[PDB]
Every structure is written in C-alpha cells, then in structure tokens.
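Undergrad: Okay, so here is upload26.txt, and as you'll see once you scroll down, it has compact mmCIF, N, CA and C atoms and all ligand atoms.
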```
# COMPACT_ATOMS: atom_id res chain seq x y z
N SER K 42 -5.23 -8.61 20.14
CA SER K 42 -6.30 -7.61 19.87
C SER K 42 -5.87 -6.12 19.83
N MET K 43 -4.71 -5.74 20.35
CA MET K 43 -4.23 -4.32 20.28
C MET K 43 -3.66 -4.03 18.88
N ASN K 44 -3.54 -2.77 18.53
CA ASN K 44 -2.78 -2.43 17.30
C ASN K 44 -1.31 -2.35 17.54
N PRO K 45 -0.51 -2.77 16.55
CA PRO K 45 0.95 -2.64 16.64
C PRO K 45 1.32 -1.23 16.30
N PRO K 46 2.59 -0.86 16.53
CA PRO K 46 3.05 0.37 15.93
C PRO K 46 2.90 0.27 14.40
N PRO K 47 2.65 1.41 13.71
CA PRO K 47 2.57 1.39 12.26
C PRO K 47 3.93 1.07 11.59
N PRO K 48 3.93 0.73 10.27
CA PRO K 48 5.20 0.54 9.57
C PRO K 48 6.01 1.83 9.63
N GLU K 49 7.34 1.72 9.58
CA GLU K 49 8.23 2.87 9.46
C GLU K 49 7.93 3.72 8.19
N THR K 50 7.93 5.04 8.34
CA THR K 50 7.82 5.98 7.23
C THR K 50 8.97 7.00 7.20
N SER K 51 9.84 6.92 8.20
CA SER K 51 10.96 7.87 8.35
C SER K 51 12.14 7.12 8.93
N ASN K 52 13.30 7.22 8.29
CA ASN K 52 14.55 6.65 8.82
C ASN K 52 15.72 7.43 8.20
N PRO K 53 16.25 8.44 8.91
CA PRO K 53 17.33 9.29 8.38
C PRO K 53 18.56 8.56 7.86
N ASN K 54 18.89 7.40 8.43
CA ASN K 54 20.09 6.67 7.99
C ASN K 54 19.85 5.71 6.82
N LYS K 55 18.59 5.54 6.39
CA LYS K 55 18.29 4.73 5.23
C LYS K 55 18.60 5.58 3.99
N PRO K 56 19.44 5.06 3.07
CA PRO K 56 19.73 5.92 1.91
C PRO K 56 18.45 6.07 1.02
N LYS K 57 18.35 7.19 0.29
CA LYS K 57 17.08 7.59 -0.35
C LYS K 57 17.43 8.06 -1.74
N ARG K 58 16.49 7.85 -2.67
CA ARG K 58 16.55 8.51 -3.97
C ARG K 58 15.18 9.03 -4.42
N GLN K 59 15.19 9.98 -5.35
CA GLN K 59 13.95 10.35 -6.04
C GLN K 59 14.08 10.08 -7.55
N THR K 60 13.85 8.82 -7.94
CA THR K 60 13.96 8.41 -9.34
C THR K 60 12.68 8.78 -10.16
N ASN K 61 12.79 8.88 -11.48
CA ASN K 61 11.58 9.05 -12.31
C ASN K 61 10.53 7.91 -12.15
N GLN K 62 10.98 6.67 -11.96
CA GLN K 62 10.07 5.59 -11.59
C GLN K 62 9.35 5.87 -10.23
N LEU K 63 10.08 6.31 -9.22
CA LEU K 63 9.45 6.65 -7.95
C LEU K 63 8.50 7.86 -8.11
N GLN K 64 8.87 8.82 -8.94
CA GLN K 64 7.97 9.92 -9.16
C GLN K 64 6.69 9.40 -9.80
N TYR K 65 6.82 8.45 -10.75
CA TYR K 65 5.63 7.83 -11.39
C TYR K 65 4.76 7.10 -10.37
N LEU K 66 5.41 6.41 -9.45
CA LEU K 66 4.68 5.70 -8.43
C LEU K 66 3.84 6.62 -7.57
N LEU K 67 4.27 7.87 -7.38
CA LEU K 67 3.51 8.84 -6.62
C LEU K 67 2.46 9.52 -7.47
N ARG K 68 2.90 10.09 -8.60
CA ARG K 68 2.06 10.96 -9.43
C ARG K 68 1.01 10.20 -10.22
N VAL K 69 1.31 8.96 -10.60
CA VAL K 69 0.35 8.16 -11.39
C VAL K 69 -0.27 7.10 -10.50
N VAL K 70 0.56 6.23 -9.94
CA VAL K 70 0.05 4.99 -9.30
C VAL K 70 -0.70 5.27 -7.99
N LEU K 71 -0.02 5.87 -6.99
CA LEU K 71 -0.67 6.24 -5.72
C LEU K 71 -1.86 7.17 -5.95
N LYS K 72 -1.69 8.21 -6.77
CA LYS K 72 -2.78 9.19 -6.96
C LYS K 72 -4.00 8.54 -7.62
N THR K 73 -3.78 7.61 -8.56
CA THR K 73 -4.91 6.94 -9.23
C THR K 73 -5.66 6.04 -8.21
N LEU K 74 -4.93 5.27 -7.40
CA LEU K 74 -5.61 4.41 -6.44
C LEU K 74 -6.28 5.20 -5.32
N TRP K 75 -5.62 6.26 -4.89
CA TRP K 75 -6.07 7.05 -3.73
C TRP K 75 -7.43 7.69 -3.92
N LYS K 76 -7.70 8.15 -5.14
CA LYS K 76 -8.94 8.86 -5.54
C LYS K 76 -10.12 7.94 -5.83
N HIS K 77 -9.85 6.65 -5.92
CA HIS K 77 -10.85 5.64 -6.33
C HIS K 77 -11.92 5.51 -5.27
N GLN K 78 -13.16 5.24 -5.67
CA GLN K 78 -14.25 5.06 -4.69
C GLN K 78 -14.02 3.96 -3.64
N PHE K 79 -13.10 3.04 -3.92
CA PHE K 79 -12.82 1.91 -3.04
C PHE K 79 -11.53 2.08 -2.21
N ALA K 80 -10.92 3.26 -2.27
CA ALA K 80 -9.67 3.56 -1.57
C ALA K 80 -9.79 3.58 -0.06
N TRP K 81 -10.89 4.12 0.44
CA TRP K 81 -11.00 4.51 1.89
C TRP K 81 -10.53 3.46 2.89
N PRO K 82 -10.89 2.15 2.71
CA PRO K 82 -10.37 1.21 3.72
C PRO K 82 -8.88 1.03 3.73
N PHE K 83 -8.21 1.47 2.64
CA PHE K 83 -6.82 1.23 2.38
C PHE K 83 -5.96 2.49 2.65
N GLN K 84 -6.60 3.59 3.09
CA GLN K 84 -5.86 4.85 3.22
C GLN K 84 -5.07 5.05 4.53
N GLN K 85 -5.13 4.08 5.45
CA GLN K 85 -4.47 4.14 6.77
C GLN K 85 -4.33 2.71 7.25
N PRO K 86 -3.41 2.46 8.20
CA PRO K 86 -3.35 1.14 8.83
C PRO K 86 -4.68 0.60 9.33
N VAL K 87 -4.81 -0.71 9.17
CA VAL K 87 -5.94 -1.44 9.70
C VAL K 87 -5.98 -1.18 11.21
N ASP K 88 -7.08 -0.59 11.66
CA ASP K 88 -7.36 -0.41 13.10
C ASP K 88 -8.19 -1.60 13.58
N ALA K 89 -7.47 -2.58 14.12
CA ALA K 89 -8.03 -3.83 14.59
C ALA K 89 -8.91 -3.63 15.83
N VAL K 90 -8.70 -2.55 16.57
CA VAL K 90 -9.58 -2.21 17.71
C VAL K 90 -10.90 -1.64 17.26
N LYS K 91 -10.86 -0.56 16.51
CA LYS K 91 -12.14 0.01 15.97
C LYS K 91 -12.96 -0.97 15.09
N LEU K 92 -12.27 -1.79 14.28
CA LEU K 92 -12.89 -2.72 13.38
C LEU K 92 -13.22 -4.06 14.03
N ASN K 93 -12.83 -4.21 15.29
CA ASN K 93 -13.07 -5.46 16.04
C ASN K 93 -12.57 -6.68 15.25
N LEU K 94 -11.29 -6.63 14.90
CA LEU K 94 -10.57 -7.73 14.22
C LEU K 94 -9.39 -8.15 15.14
N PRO K 95 -9.68 -8.77 16.30
CA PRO K 95 -8.63 -8.95 17.30
C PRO K 95 -7.53 -9.94 16.88
N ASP K 96 -7.86 -10.82 15.93
CA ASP K 96 -6.89 -11.71 15.29
C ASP K 96 -6.09 -11.16 14.09
N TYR K 97 -6.39 -9.93 13.65
CA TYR K 97 -5.80 -9.38 12.40
C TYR K 97 -4.26 -9.47 12.41
N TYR K 98 -3.70 -8.93 13.48
CA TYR K 98 -2.27 -8.83 13.58
C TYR K 98 -1.58 -10.10 14.10
N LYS K 99 -2.37 -11.11 14.46
CA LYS K 99 -1.86 -12.48 14.64
C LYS K 99 -1.57 -13.12 13.29
N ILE K 100 -2.41 -12.83 12.31
CA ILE K 100 -2.33 -13.39 10.97
C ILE K 100 -1.44 -12.58 10.05
N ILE K 101 -1.54 -11.26 10.15
CA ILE K 101 -0.84 -10.32 9.25
C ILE K 101 0.38 -9.72 9.98
N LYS K 102 1.55 -10.27 9.67
CA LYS K 102 2.83 -9.87 10.27
C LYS K 102 3.63 -8.82 9.50
N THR K 103 3.23 -8.48 8.26
CA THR K 103 3.88 -7.44 7.44
C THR K 103 2.75 -6.50 6.99
N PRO K 104 2.23 -5.66 7.91
CA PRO K 104 1.09 -4.82 7.54
C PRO K 104 1.51 -3.78 6.55
N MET K 105 0.61 -3.45 5.65
CA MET K 105 0.88 -2.31 4.77
C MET K 105 -0.44 -1.68 4.33
N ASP K 106 -0.36 -0.41 4.00
CA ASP K 106 -1.54 0.36 3.57
C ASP K 106 -1.12 1.55 2.74
N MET K 107 -2.06 2.19 2.05
CA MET K 107 -1.71 3.29 1.20
C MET K 107 -1.37 4.59 1.96
N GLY K 108 -1.83 4.74 3.20
CA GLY K 108 -1.44 5.92 4.00
C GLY K 108 0.06 5.88 4.25
N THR K 109 0.51 4.72 4.66
CA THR K 109 1.95 4.36 4.79
C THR K 109 2.75 4.57 3.50
N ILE K 110 2.25 4.03 2.39
CA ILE K 110 2.92 4.22 1.09
C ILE K 110 2.99 5.70 0.72
N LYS K 111 1.88 6.41 0.93
CA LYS K 111 1.83 7.85 0.66
C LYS K 111 2.90 8.63 1.43
N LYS K 112 3.03 8.38 2.72
CA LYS K 112 4.06 9.03 3.56
C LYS K 112 5.48 8.66 3.09
N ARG K 113 5.67 7.40 2.77
CA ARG K 113 6.96 6.93 2.24
C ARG K 113 7.33 7.66 0.94
N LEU K 114 6.38 7.80 0.04
CA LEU K 114 6.68 8.41 -1.24
C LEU K 114 6.87 9.93 -1.03
N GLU K 115 5.96 10.58 -0.27
CA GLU K 115 6.10 12.02 0.03
C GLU K 115 7.36 12.36 0.82
N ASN K 116 7.86 11.42 1.63
CA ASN K 116 9.06 11.61 2.44
C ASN K 116 10.31 11.06 1.78
N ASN K 117 10.22 10.68 0.50
CA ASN K 117 11.30 10.02 -0.23
C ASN K 117 12.00 8.90 0.58
N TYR K 118 11.20 8.00 1.14
CA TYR K 118 11.70 6.93 2.00
C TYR K 118 12.46 5.87 1.22
N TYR K 119 12.10 5.70 -0.04
CA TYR K 119 12.57 4.57 -0.85
C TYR K 119 13.91 4.89 -1.57
N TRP K 120 14.68 3.83 -1.81
CA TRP K 120 15.79 3.74 -2.78
C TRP K 120 15.33 3.41 -4.19
N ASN K 121 14.36 2.51 -4.36
CA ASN K 121 13.96 2.13 -5.71
C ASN K 121 12.46 1.85 -5.85
N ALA K 122 12.02 1.74 -7.10
CA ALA K 122 10.60 1.50 -7.41
C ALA K 122 10.14 0.15 -6.88
N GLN K 123 11.02 -0.84 -7.00
CA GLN K 123 10.68 -2.21 -6.54
C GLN K 123 10.25 -2.29 -5.06
N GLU K 124 10.93 -1.54 -4.17
CA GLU K 124 10.51 -1.46 -2.73
C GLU K 124 9.09 -0.99 -2.60
N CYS K 125 8.71 -0.03 -3.43
CA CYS K 125 7.38 0.60 -3.35
C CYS K 125 6.30 -0.31 -3.93
N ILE K 126 6.59 -0.85 -5.11
CA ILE K 126 5.78 -1.94 -5.70
C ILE K 126 5.51 -3.08 -4.69
N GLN K 127 6.55 -3.54 -3.97
CA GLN K 127 6.40 -4.56 -2.96
C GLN K 127 5.39 -4.12 -1.89
N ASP K 128 5.50 -2.89 -1.40
CA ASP K 128 4.49 -2.36 -0.45
C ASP K 128 3.06 -2.48 -0.97
N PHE K 129 2.81 -2.03 -2.21
CA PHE K 129 1.45 -2.24 -2.78
C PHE K 129 1.06 -3.71 -2.79
N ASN K 130 1.93 -4.57 -3.32
CA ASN K 130 1.63 -6.00 -3.31
C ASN K 130 1.40 -6.62 -1.93
N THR K 131 2.13 -6.15 -0.92
CA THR K 131 1.92 -6.61 0.46
C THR K 131 0.51 -6.23 0.91
N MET K 132 0.14 -4.96 0.68
CA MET K 132 -1.19 -4.47 1.06
C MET K 132 -2.28 -5.35 0.44
N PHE K 133 -2.20 -5.60 -0.85
CA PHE K 133 -3.20 -6.46 -1.51
C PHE K 133 -3.21 -7.86 -0.94
N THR K 134 -2.03 -8.48 -0.85
CA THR K 134 -1.91 -9.85 -0.37
C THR K 134 -2.44 -10.01 1.03
N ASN K 135 -2.11 -9.07 1.94
CA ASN K 135 -2.61 -9.14 3.33
C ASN K 135 -4.14 -9.26 3.33
N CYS K 136 -4.79 -8.49 2.48
CA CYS K 136 -6.24 -8.47 2.46
C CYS K 136 -6.80 -9.83 2.03
N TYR K 137 -6.14 -10.39 1.02
CA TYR K 137 -6.52 -11.71 0.48
C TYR K 137 -6.28 -12.81 1.53
N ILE K 138 -5.15 -12.74 2.26
CA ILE K 138 -4.81 -13.70 3.31
C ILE K 138 -5.83 -13.60 4.42
N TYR K 139 -6.14 -12.38 4.87
CA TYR K 139 -7.00 -12.27 6.04
C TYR K 139 -8.47 -12.63 5.79
N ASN K 140 -8.95 -12.28 4.61
CA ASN K 140 -10.35 -12.34 4.25
C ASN K 140 -10.72 -13.55 3.39
N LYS K 141 -11.98 -13.61 2.96
CA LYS K 141 -12.55 -14.76 2.21
C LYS K 141 -12.83 -14.30 0.81
N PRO K 142 -12.75 -15.21 -0.16
CA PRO K 142 -13.09 -14.76 -1.52
C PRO K 142 -14.48 -14.14 -1.61
N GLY K 143 -14.62 -13.11 -2.45
CA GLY K 143 -15.93 -12.47 -2.64
C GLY K 143 -16.43 -11.62 -1.48
N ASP K 144 -15.66 -11.52 -0.37
CA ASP K 144 -15.93 -10.49 0.66
C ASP K 144 -15.83 -9.15 -0.03
N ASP K 145 -16.69 -8.23 0.36
CA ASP K 145 -16.61 -6.85 -0.12
C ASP K 145 -15.20 -6.26 -0.09
N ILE K 146 -14.48 -6.42 1.02
CA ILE K 146 -13.14 -5.81 1.12
C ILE K 146 -12.16 -6.41 0.07
N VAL K 147 -12.37 -7.67 -0.25
CA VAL K 147 -11.56 -8.40 -1.26
C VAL K 147 -11.90 -7.89 -2.68
N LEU K 148 -13.20 -7.71 -3.00
CA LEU K 148 -13.61 -7.06 -4.25
C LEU K 148 -13.01 -5.64 -4.40
N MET K 149 -12.92 -4.93 -3.28
CA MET K 149 -12.32 -3.56 -3.28
C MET K 149 -10.83 -3.62 -3.59
N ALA K 150 -10.14 -4.51 -2.88
CA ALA K 150 -8.71 -4.79 -3.14
C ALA K 150 -8.45 -5.18 -4.62
N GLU K 151 -9.31 -6.03 -5.17
CA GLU K 151 -9.14 -6.52 -6.54
C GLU K 151 -9.29 -5.41 -7.60
N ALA K 152 -10.25 -4.53 -7.39
CA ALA K 152 -10.46 -3.37 -8.23
C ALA K 152 -9.23 -2.48 -8.18
N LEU K 153 -8.72 -2.23 -6.98
CA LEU K 153 -7.54 -1.37 -6.86
C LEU K 153 -6.30 -2.01 -7.48
N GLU K 154 -6.20 -3.31 -7.28
CA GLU K 154 -5.09 -4.05 -7.81
C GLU K 154 -5.11 -4.10 -9.33
N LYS K 155 -6.29 -4.24 -9.92
CA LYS K 155 -6.36 -4.20 -11.40
C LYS K 155 -5.77 -2.91 -11.97
N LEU K 156 -6.16 -1.78 -11.36
CA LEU K 156 -5.64 -0.49 -11.74
C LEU K 156 -4.15 -0.35 -11.51
N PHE K 157 -3.71 -0.88 -10.39
CA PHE K 157 -2.30 -0.90 -10.03
C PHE K 157 -1.52 -1.60 -11.15
N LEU K 158 -1.99 -2.78 -11.53
CA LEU K 158 -1.32 -3.54 -12.60
C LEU K 158 -1.27 -2.83 -13.95
N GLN K 159 -2.38 -2.20 -14.32
CA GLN K 159 -2.44 -1.41 -15.55
C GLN K 159 -1.43 -0.27 -15.50
N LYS K 160 -1.28 0.37 -14.34
CA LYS K 160 -0.31 1.49 -14.24
C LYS K 160 1.13 1.03 -14.22
N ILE K 161 1.41 -0.04 -13.46
CA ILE K 161 2.75 -0.59 -13.35
C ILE K 161 3.24 -1.17 -14.70
N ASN K 162 2.32 -1.69 -15.50
CA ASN K 162 2.63 -2.11 -16.88
C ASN K 162 3.30 -1.00 -17.69
N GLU K 163 2.98 0.27 -17.39
CA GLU K 163 3.61 1.43 -18.07
C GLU K 163 4.62 2.19 -17.23
N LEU K 164 5.23 1.50 -16.26
CA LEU K 164 6.30 2.12 -15.48
C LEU K 164 7.39 2.55 -16.48
N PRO K 165 7.83 3.80 -16.39
CA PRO K 165 8.79 4.28 -17.39
C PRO K 165 10.15 3.67 -17.16
N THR K 166 10.97 3.62 -18.21
CA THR K 166 12.33 3.16 -18.09
C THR K 166 13.10 4.20 -17.25
N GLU K 167 14.03 3.70 -16.45
CA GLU K 167 14.71 4.51 -15.47
C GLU K 167 15.62 5.52 -16.21
N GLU K 168 15.48 6.82 -15.95
CA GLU K 168 16.25 7.88 -16.66
C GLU K 168 17.70 7.87 -16.25
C1 LIG K 201 -7.15 -3.13 4.31
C2 LIG K 201 -8.36 -3.71 5.07
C3 LIG K 201 -9.36 -2.79 5.42
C4 LIG K 201 -10.52 -3.16 6.06
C5 LIG K 201 -11.60 -2.30 6.51
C6 LIG K 201 -12.89 -2.78 6.28
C7 LIG K 201 -13.99 -1.94 6.44
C8 LIG K 201 -13.81 -0.69 6.85
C9 LIG K 201 -12.57 -0.21 7.09
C10 LIG K 201 -11.46 -0.99 6.89
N1 LIG K 201 -10.60 -4.54 6.38
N2 LIG K 201 -11.60 -5.23 7.02
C11 LIG K 201 -11.13 -6.54 6.96
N3 LIG K 201 -11.80 -7.65 7.49
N4 LIG K 201 -9.89 -6.73 6.32
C12 LIG K 201 -9.53 -5.47 5.97
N5 LIG K 201 -8.44 -5.05 5.33
```
Any chance you could give the structure as structure tokens?
Ligand SMILES: Cc1cc(-c2ccccc2)n2nc(N)nc2n1
TA:
Amino acid sequence: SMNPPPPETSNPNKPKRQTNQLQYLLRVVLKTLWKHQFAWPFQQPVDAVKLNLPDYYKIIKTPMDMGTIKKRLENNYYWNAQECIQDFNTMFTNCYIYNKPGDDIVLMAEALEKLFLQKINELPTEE
C-alpha cells in the first residue's frame, strides 16, 4: 500500500545524447500529449496512497508516467529515442494491465496512445 521511490530521472554516469529524434520526442510528442484534456492522471507517478490503490505497486513493477518522461527529456537522461518510446509504452501498458477495459482511465490512456502513435509514425530520420 505505500508508494515506491519514483523512477530515476538523473544519473550522472549514464551516457547521454540530445538527438533530433529525442528533440522531436520532447517538442512534438510529450508536448502534444501533455496539453491534452486527458493528460492530468498521467502527469506524475501514480500515488497509490491518495488514490487508495494499495495493490497498484504489487501489480505494476515498472512504473512510468509523463512527469517522469518530461524530467528525463528536459534533463537529457536518454541515449536514444527508443528508450523514451519504451517509457511511453510502459506507461500505457501499465494502465491497461492494472485496469479493466472501458474504465475511464483506460479510455484516457487510449486517446493519448492514439496521438502518440500518430506522432511516432512521423519520427524524423536521425540526422
Ligand atoms: C496512470 C493512472 C492514473 C490514475 C489516476 C486515476 C484518477 C485520478 C488520478 C490518477 N489511475 N487510476 C487507476 N485505477 N489506474 C491509474 N493509472
């Protein structure tokens, strides 16, 4: 029932790059999802205490959220676009695993994911 520490967003010894694909992931992909009317539940780690989801972190062992992704991208945490794409996919999948089809939170995830897919379809070729 307690919350875990959040995912890492800072690690000085992890090598880092700022690729044009990673810039796209921030400027197009994160910004488009972040502004959406359905973003709010996804903008920070799931607070299993406030939300009274005491089993959340029993089920979800690789937590992810857009607040985390935002810090990673703003802090140039990543080496490549694929790491960041994986974070988005983890966030969506966790929601689907934890919840039931047609739950409001799942409809919200699906809307965000549709947009995510449309944007990732136009990921630019690496400069
Ligand atoms: C990412 C996420 C967010 C929320 C969440 C739901 C409502 C308000 C705030 C946050 N919930 N709630 C469940 N059951 N599963 C979730 N997954």
Undergrad: Write out, as CSV, each residue of chain K that has an atom at most 8 Å from ligand LIG 201 (chain K), together with the closest pair of atoms and their distance in Å to one decimal, counting only N, CA and C atoms and all ligand atoms, rows going by chain and rising number.
TA:
```
residue,atom,partner,partner_atom,distance
K:81,C,K:LIG201,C9,5.9
K:82,CA,K:LIG201,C10,4.0
K:83,CA,K:LIG201,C1,4.8
K:84,N,K:LIG201,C1,6.9
K:85,C,K:LIG201,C1,7.1
K:86,C,K:LIG201,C1,6.7
K:87,CA,K:LIG201,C3,5.6
K:88,N,K:LIG201,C10,6.5
K:92,CA,K:LIG201,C9,6.8
K:93,C,K:LIG201,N3,7.9
K:94,CA,K:LIG201,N3,6.8
K:97,CA,K:LIG201,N4,7.8
K:105,C,K:LIG201,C1,6.9
K:106,CA,K:LIG201,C1,6.6
K:107,N,K:LIG201,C1,7.7
K:132,C,K:LIG201,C1,6.6
K:133,N,K:LIG201,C1,7.6
K:135,C,K:LIG201,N5,6.3
K:136,CA,K:LIG201,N5,5.0
K:137,N,K:LIG201,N5,7.2
K:139,C,K:LIG201,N4,6.1
K:140,CA,K:LIG201,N3,5.9
K:141,N,K:LIG201,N3,7.5
K:145,C,K:LIG201,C6,7.6
K:146,CA,K:LIG201,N1,6.0
K:147,N,K:LIG201,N4,7.1
K:150,CA,K:LIG201,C1,7.8
```
Undergrad: For the residues selected in the previous step, produce a file with N, CA and C atoms as a compact mmCIF listing (two decimals), keeping the file's coordinate frame.
TA:
```txt
# COMPACT_ATOMS: atom_id res chain seq x y z
N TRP K 81 -10.89 4.12 0.44
CA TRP K 81 -11.00 4.51 1.89
C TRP K 81 -10.53 3.46 2.89
N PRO K 82 -10.89 2.15 2.71
CA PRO K 82 -10.37 1.21 3.72
C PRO K 82 -8.88 1.03 3.73
N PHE K 83 -8.21 1.47 2.64
CA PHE K 83 -6.82 1.23 2.38
C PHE K 83 -5.96 2.49 2.65
N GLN K 84 -6.60 3.59 3.09
CA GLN K 84 -5.86 4.85 3.22
C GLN K 84 -5.07 5.05 4.53
N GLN K 85 -5.13 4.08 5.45
CA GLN K 85 -4.47 4.14 6.77
C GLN K 85 -4.33 2.71 7.25
N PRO K 86 -3.41 2.46 8.20
CA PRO K 86 -3.35 1.14 8.83
C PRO K 86 -4.68 0.60 9.33
N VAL K 87 -4.81 -0.71 9.17
CA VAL K 87 -5.94 -1.44 9.70
C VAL K 87 -5.98 -1.18 11.21
N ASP K 88 -7.08 -0.59 11.66
CA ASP K 88 -7.36 -0.41 13.10
C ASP K 88 -8.19 -1.60 13.58
N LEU K 92 -12.27 -1.79 14.28
CA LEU K 92 -12.89 -2.72 13.38
C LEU K 92 -13.22 -4.06 14.03
N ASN K 93 -12.83 -4.21 15.29
CA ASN K 93 -13.07 -5.46 16.04
C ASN K 93 -12.57 -6.68 15.25
N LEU K 94 -11.29 -6.63 14.90
CA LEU K 94 -10.57 -7.73 14.22
C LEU K 94 -9.39 -8.15 15.14
N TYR K 97 -6.39 -9.93 13.65
CA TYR K 97 -5.80 -9.38 12.40
C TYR K 97 -4.26 -9.47 12.41
N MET K 105 0.61 -3.45 5.65
CA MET K 105 0.88 -2.31 4.77
C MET K 105 -0.44 -1.68 4.33
N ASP K 106 -0.36 -0.41 4.00
CA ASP K 106 -1.54 0.36 3.57
C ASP K 106 -1.12 1.55 2.74
N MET K 107 -2.06 2.19 2.05
CA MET K 107 -1.71 3.29 1.20
C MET K 107 -1.37 4.59 1.96
N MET K 132 0.14 -4.96 0.68
CA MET K 132 -1.19 -4.47 1.06
C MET K 132 -2.28 -5.35 0.44
N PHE K 133 -2.20 -5.60 -0.85
CA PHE K 133 -3.20 -6.46 -1.51
C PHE K 133 -3.21 -7.86 -0.94
N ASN K 135 -2.11 -9.07 1.94
CA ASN K 135 -2.61 -9.14 3.33
C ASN K 135 -4.14 -9.26 3.33
N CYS K 136 -4.79 -8.49 2.48
CA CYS K 136 -6.24 -8.47 2.46
C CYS K 136 -6.80 -9.83 2.03
N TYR K 137 -6.14 -10.39 1.02
CA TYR K 137 -6.52 -11.71 0.48
C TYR K 137 -6.28 -12.81 1.53
N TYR K 139 -6.14 -12.38 4.87
CA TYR K 139 -7.00 -12.27 6.04
C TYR K 139 -8.47 -12.63 5.79
N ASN K 140 -8.95 -12.28 4.61
CA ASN K 140 -10.35 -12.34 4.25
C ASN K 140 -10.72 -13.55 3.39
N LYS K 141 -11.98 -13.61 2.96
CA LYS K 141 -12.55 -14.76 2.21
C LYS K 141 -12.83 -14.30 0.81
N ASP K 145 -16.69 -8.23 0.36
CA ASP K 145 -16.61 -6.85 -0.12
C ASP K 145 -15.20 -6.26 -0.09
N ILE K 146 -14.48 -6.42 1.02
CA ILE K 146 -13.14 -5.81 1.12
C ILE K 146 -12.16 -6.41 0.07
N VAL K 147 -12.37 -7.67 -0.25
CA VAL K 147 -11.56 -8.40 -1.26
C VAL K 147 -11.90 -7.89 -2.68
N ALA K 150 -10.14 -4.51 -2.88
CA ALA K 150 -8.71 -4.79 -3.14
C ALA K 150 -8.45 -5.18 -4.62
```
Undergrad: In Å, with one decimal, what is the gap from atom CA of residue 59 of chain K to atom CA of residue 114 of chain K?
TA: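 Taking atom CA of residue 59 of chain K as the start and atom CA of residue 114 of chain K as the end point, the length is 8.9 Å.
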Undergrad: When DSSP works through the backbone of this structure, what residues of chain K end up as helix (DSSP H, G or I), shown as a ChimeraX atom specification?
TA: /K:61-75,81-83,97-100,107-115,122-139,145-161
Undergrad: With distances taken over all atoms listed in the file, which residue among K:113, K:57, K:69, K:62 lies nearest residue 160 of chain K?
TA: K:69
Undergrad: Which distance in Å separates atom CA of residue 79 of chain K and atom CA of residue 148 of chain K, to one decimal?
TA: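 The value is 9.1 Å.
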Undergrad: Which protein, DNA or RNA residues are at most 8 Å from (-3.5, -9.9, 16.1) in the file's coordinates when you count only N, CA and C atoms, listed as a ChimeraX atom specification?
TA: /K:42-45,89,94-101
Undergrad: How would the residues just picked look written out with N, CA and C atoms as a short mmCIF file (atom, residue, chain, number, x, y, z; two decimals), in the coordinates of the input?
TA:
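Just written: result-v1.cif:
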```
data_model
loop_
_atom_site.label_atom_id
_atom_site.label_comp_id
_atom_site.auth_asym_id
_atom_site.auth_seq_id
_atom_site.Cartn_x
_atom_site.Cartn_y
_atom_site.Cartn_z
N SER K 42 -5.23 -8.61 20.14
CA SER K 42 -6.30 -7.61 19.87
C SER K 42 -5.87 -6.12 19.83
N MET K 43 -4.71 -5.74 20.35
CA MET K 43 -4.23 -4.32 20.28
C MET K 43 -3.66 -4.03 18.88
N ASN K 44 -3.54 -2.77 18.53
CA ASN K 44 -2.78 -2.43 17.30
C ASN K 44 -1.31 -2.35 17.54
N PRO K 45 -0.51 -2.77 16.55
CA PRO K 45 0.95 -2.64 16.64
C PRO K 45 1.32 -1.23 16.30
N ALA K 89 -7.47 -2.58 14.12
CA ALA K 89 -8.03 -3.83 14.59
C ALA K 89 -8.91 -3.63 15.83
N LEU K 94 -11.29 -6.63 14.90
CA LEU K 94 -10.57 -7.73 14.22
C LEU K 94 -9.39 -8.15 15.14
N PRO K 95 -9.68 -8.77 16.30
CA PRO K 95 -8.63 -8.95 17.30
C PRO K 95 -7.53 -9.94 16.88
N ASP K 96 -7.86 -10.82 15.93
CA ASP K 96 -6.89 -11.71 15.29
C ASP K 96 -6.09 -11.16 14.09
N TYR K 97 -6.39 -9.93 13.65
CA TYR K 97 -5.80 -9.38 12.40
C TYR K 97 -4.26 -9.47 12.41
N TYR K 98 -3.70 -8.93 13.48
CA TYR K 98 -2.27 -8.83 13.58
C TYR K 98 -1.58 -10.10 14.10
N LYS K 99 -2.37 -11.11 14.46
CA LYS K 99 -1.86 -12.48 14.64
C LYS K 99 -1.57 -13.12 13.29
N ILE K 100 -2.41 -12.83 12.31
CA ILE K 100 -2.33 -13.39 10.97
C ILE K 100 -1.44 -12.58 10.05
N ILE K 101 -1.54 -11.26 10.15
CA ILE K 101 -0.84 -10.32 9.25
C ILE K 101 0.38 -9.72 9.98
#
```
Undergrad: Which distance in Å separates atom N of residue 122 of chain K and atom N of residue 138 of chain K, to one decimal?
TA: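 These atoms are spaced 24.3 Å apart.
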Undergrad: Which one is closest to residue 58 of chain K: K:120, K:143, K:130, K:159? Count only N, CA and C atoms.
TA: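 Answer, going by the shortest atom-to-atom distance: K:120.
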Undergrad: Identify, on the basis of only N, CA and C atoms, every residue whose closest approach to residue 116 of chain K does not exceed 8 Å; exclude the query and any residue fewer than 5 positions from it along the same chain; express the result as a ChimeraX atom specification.
TA: /K:50-51,57,110-111
Undergrad: Excluding residue 125 of chain K and residues on its chain fewer than 6 positions from it, collect all residues at most 8 Å away from it, counting only C-alpha atoms, and give them as a PyMOL selection string.
TA: chain K and resi 63+66+110+119
Undergrad: Could you tell me which of K:109, K:104, K:70, K:127 comes closest to residue 161 of chain K if we count only N, CA and C atoms?
TA: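 Nearest to residue 161 of chain K: K:70.
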Undergrad: Check the smallest atom-to-atom distance from each of K:68, K:112, K:102, K:144 to residue 131 of chain K using only C-alpha atoms, then report the winner.
TA: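 Using only C-alpha atoms, residue 131 of chain K sits closest to K:102.
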